[PDB]
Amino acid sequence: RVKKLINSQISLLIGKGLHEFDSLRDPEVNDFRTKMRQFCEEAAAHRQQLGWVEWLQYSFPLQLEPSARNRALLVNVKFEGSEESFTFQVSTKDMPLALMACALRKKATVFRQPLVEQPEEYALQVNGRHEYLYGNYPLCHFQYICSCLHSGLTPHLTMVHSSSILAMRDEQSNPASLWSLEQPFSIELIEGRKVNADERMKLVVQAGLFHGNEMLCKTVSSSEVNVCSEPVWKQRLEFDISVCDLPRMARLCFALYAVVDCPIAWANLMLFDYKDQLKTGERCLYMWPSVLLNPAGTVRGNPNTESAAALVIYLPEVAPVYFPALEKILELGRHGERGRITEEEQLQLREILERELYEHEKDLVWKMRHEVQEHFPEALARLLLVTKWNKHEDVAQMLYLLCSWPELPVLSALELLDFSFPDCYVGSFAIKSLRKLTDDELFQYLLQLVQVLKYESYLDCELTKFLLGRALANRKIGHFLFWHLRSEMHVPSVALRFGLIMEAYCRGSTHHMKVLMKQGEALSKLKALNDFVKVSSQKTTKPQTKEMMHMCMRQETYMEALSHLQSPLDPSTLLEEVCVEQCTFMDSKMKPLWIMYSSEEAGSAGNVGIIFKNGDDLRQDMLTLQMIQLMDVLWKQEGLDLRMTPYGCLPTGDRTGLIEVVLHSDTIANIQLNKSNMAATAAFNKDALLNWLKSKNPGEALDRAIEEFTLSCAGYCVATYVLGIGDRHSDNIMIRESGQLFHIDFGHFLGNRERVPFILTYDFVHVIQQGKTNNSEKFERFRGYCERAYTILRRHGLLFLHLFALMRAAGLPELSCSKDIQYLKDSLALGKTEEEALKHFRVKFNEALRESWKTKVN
């Protein structure tokens, strides 16, 4: 009775009927669903018995300042079921417990009674948010308390008792031998079906065996056969590699095309199956349309069988042959010769492991494999790349050393997740080194780890199991894992994989399924409302379309679907009462909607907005914003706060997503229109930005507003330089009423292919110099902020390179080659010393200042 309801709710949420999984009749698919349902149900049961503070860590994980991983402060505290409140002055050095004990002493006098309840029995909720303050941390270490200190504002907190937290826990419960086959590997290319090509040309089928990116042997080609719907070959394609040497993760890649170079289609398959057995019999390869051989592409067929070209191939029977077990492998690898040559050979080893290498260096690194294991364990990735994956004796010797390799730092593990390391044991070892990842680090890299699933050869994998277990133990990780997979359900290549992961997650959290369905319902109404706006705007004037939008939002179905929800941009932010009168849309092509919200419980923190966008792909905006946010995190860990504005951006479906509204901000273009009869009207357009800051920050407040601008300007000058974000104009640069500058519209990065120089804009130099023509004291403090920021990022150059390497899996047009990653290597000057990189940065900066002065001359 309940299972039918749950299965139908899951189908609605994931945007794919669960019947379609059963209809495929695939054992791998069914075994993933049964095994992952059990694993996710175990996590759910574990959770229901968690202690009330452990339930807070699951649902409301702490939001701390990067540096946390004296001064007076006025706090307002109320109790859960109360109307009255208490305002008291505490210190930024005090912990929540002291503030809770202070709230209980203020309440004991108000209610004339010695209280039984101790501070230890409570937690402090941020008013109107899914956010809590708890644990041994001083108040200023929390992100909510710190943001309140900058904005001037007073924190509003609520004392929630343990019994009420336990009641939430309960309300949210889930309802009640291969090595003896030395023959050569070969296949039979039988025929092709539904093929479309120019009849003047001839069809060719190119095939190659790969272990990730490297070929296990040279490619082979079919005999040229005349173009037609059903081409027929019936021929053996013999590859030079023994069937016994085929590594476990070997994949046979296909490419059909026409020749006189006209690509048609590609398809890949794993030579071994998910249960480790060698593949035999006939296989029908439903091909993917091209734009030659594509190894990184999926190893599963195009689900569109009614229109896809299908290559028919035969995998011959070499004898049921499974891949040897790890004990057989470790026995074979247990025998070898160790490294034993002079300190002059070890000097060459030490030089090449601390600096792409020549063939004699590969023979040196492999010979000294035992010494790299014990004296340079972090060089595992170099050694794995020199390993001959096309010789089974060499794979067993490598796996023997890997099986007792010490756990590596997170930075090294993020490299091992790359597609250039397709061995399952290597991936398993990499995941083992990532378990020590804090929920905050995991969240930071969650987008990349989701893309790595696209490289996975099989459905059931250590990465999937790891991502699902971290999602079920932290509701914020769960929320974003769901949205990263949900937003890709319109992509045929990942819909099966992602749909199965979301169904499994849903088995672990039935309550959270209902929470996300409530978000999905709101996004449906937003698509329909946006569609109406697009239509109405091409016929009537903006005021008339805005009121028609408001009339549509005012219907019961819209008011119910759009209110009282968790923000998909941030589960801590509750979107309560939609303020229809404040809602509007922009005039650009896709007419993005601005939906305004408010909450009487939250006060000023409940006044939030979201932007629904349908028509543009938001993946790259998100990635760029996340990179900027990573920068701000890294700068803050070195004590450098550059007043960044990392607003949320989240794709949610096909060319659909949400952007977070940053209120009290306008574009440079709108400020520079120099409207008549304003608090900012100027004698010279050069003054407009500075007059606008003066109007927003009167008297003594201007000084701090100018410093906010300088700091954020320095951060964005460096961030856009490093990331090669060009096409910067006055309409994609915004400024906050506090002085903070930020960037929007990230359609182009990594120089995509010009080399984006450092940009210094005169208008911003004029604000930095406080309105003065010459102000070296203010200008050079800004060049210092730029230099500190640049030099802190270079020290993390490998973290950006590893993260961007994992991102090549996303299929982003401006992030699909070594040329794109090369761009960051140049911008961060990673091939140089710090002194040399700083001189090059100064020369880039001085060139930007000279360019800025071509506008200052006129």
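Superpose the two forms; the largest set of C-alphas matching within 1.5 Å is the rigid core. Start at 1 with the first residue shown and count on from there.
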Worksheet item: Quick one: with the core lined up, is it 189-197 or 703-711 that wanders further in 7 other deposited structures of this protein, going by C-alpha RMS?
Response: 189-197
Worksheet, complete the sentence: 205-213 or 146-154, the stretch lying farther from the shown form in 7 other deposited structures of this protein by root mean square CA distance over structures and residues, after core fitting, is 146-154
Discussion item. One third of the other compared structures is the cut-off here: is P316 left unmodelled in that many or more?
Written reply: no
Discussion item. Given the other compared entries that model the residues flanking it, would you say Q49 is unmodelled in at least one third?
Written reply: no
Practice prompt. Count up the deposited residues without coordinates from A319 to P320 and drop the result into none, 1 to 3, 4 to 9, or 10 or more.
Written response: 1 to 3
Worksheet item: According to the entry, are there none, 1 to 3, 4 to 9, or 10 or more residues of the deposited sequence without coordinates between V116 and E117?
Response: none
Worksheet item: Per the entry, where is the mean C-alpha temperature factor higher: 392-400 or 562-570?
Response: 392-400
Item to complete: Could you settle it for me: does 743-751 or 782-790 have the higher average Cα B factor in the PDB entry?
Response: 743-751
Discussion item. Given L798, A44, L815, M36, identify the residue with the highest C-alpha B factor in the PDB entry.
Written reply: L815
Fill in: Residue of maximum C-alpha B factor among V765, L332, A471, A522, per deposited coordinates
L332
Discussion item. Considering every modelled residue of the chain and its Cα B-factor in the PDB entry, is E547 in the lowest, middle or highest third?
Written reply: middle
Item to complete: Tell me, lowest, middle or highest third: where does the Cα B factor of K106 rank within its chain?
Response: highest
Worksheet, complete the sentence: Of the three thirds of the chain ranked by Cα temperature factor, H664 occupies the lowest
Worksheet, complete the sentence: For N174, the third of its chain by CA B-factor is the highest
Worksheet item: Compared with the other modelled residues in the chain, in which third is the CA B-factor of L806?
Response: lowest
